[PDB]
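All remarks here apply to the structure that follows.
2 protein chains.
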Amino acid sequence: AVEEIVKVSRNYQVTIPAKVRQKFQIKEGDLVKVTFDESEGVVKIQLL
Amino acid sequence: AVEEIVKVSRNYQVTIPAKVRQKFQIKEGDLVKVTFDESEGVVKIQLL
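If you read the protein sequences in the order shown, they are chains B and A. When you line the first sequence up against the deposited numbering, it's residues 2 to 49, in that order. When you line the second sequence up against the deposited numbering, it's residues 2 to 49, in that order.
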């Protein structure tokens with residue numbers, strides 16, 4: 002259960018912390034899909 | 002789906018777009034949980 006609690010920035014960004022990036026290996030410039038999940042009430046971030 | 006493709010920002014930040022924020026009420030300084038979901042291979046952002 003790899004997870005970390007973070008603060009939302011002024012311009013509504015969320016940092017994906019190092020702990021999570023060991024599993025979800027994103028870099029500045031990558032494209033990701035950001036979806037509101039209507040059954041879980043969470044936001045999902047998926048790699049393209 | 003309520004979703005948008007976004008580019009990862011410098012310093013590993015991902016914008017939660019306005020389209021998504023209409024459903025997922027977040028404000029500057031809110032604390033959120035960032036989780037890797039192994040069943041799906043995606044990151045989930047959860048309100049705390």
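Yeah, the Cβ is synthetic: ideal placement off N, Cα and C, and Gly gets one too.
Contact residues within the region 7-31 of chain A, judged by C-beta distance below 9 Å to chain B: Among the residues of the region 7-31 of chain A, those with a Cβ less than 9 Å away from any Cβ of chain B are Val-7, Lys-8, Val-9, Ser-10, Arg-11, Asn-12, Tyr-13, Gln-14, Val-15, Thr-16, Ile-17, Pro-18, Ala-19, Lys-20, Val-21, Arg-22, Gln-23, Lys-24, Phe-25, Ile-27, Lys-28, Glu-29, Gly-30 and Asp-31, in the order of the chain.
Using DSSP bridges, identify the partner residues of B/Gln-14. DSSP links B/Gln-14 through a beta bridge to A/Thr-16.
Which partner residues of B/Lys-34 appear in the DSSP bridge assignment? Bridge pairing for B/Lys-34: B/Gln-47 and A/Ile-6 [DSSP].
Contact check, A/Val-21 vs B/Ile-46 under 8 Å by CB: the rounded distance? That pair is no contact at about 10 Å.
How long is the line joining the alpha carbons of A/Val-7 and B/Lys-8, rounded to whole angstroms? Rounded to the nearest angstrom, the two C-alpha atoms are 19 Å apart.
Closest Cα partner of A/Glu-29 within the set A/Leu-48, A/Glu-41, A/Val-43 and A/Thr-36: Ranking A/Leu-48, A/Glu-41, A/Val-43 and A/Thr-36 by CA distance to the CA of A/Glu-29 puts A/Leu-48 first.
Closest by C-alpha distance to B/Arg-11, when choosing among A/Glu-4, A/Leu-32 and A/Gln-23: Residue A/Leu-32 is the option with its Cα nearest to B/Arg-11.
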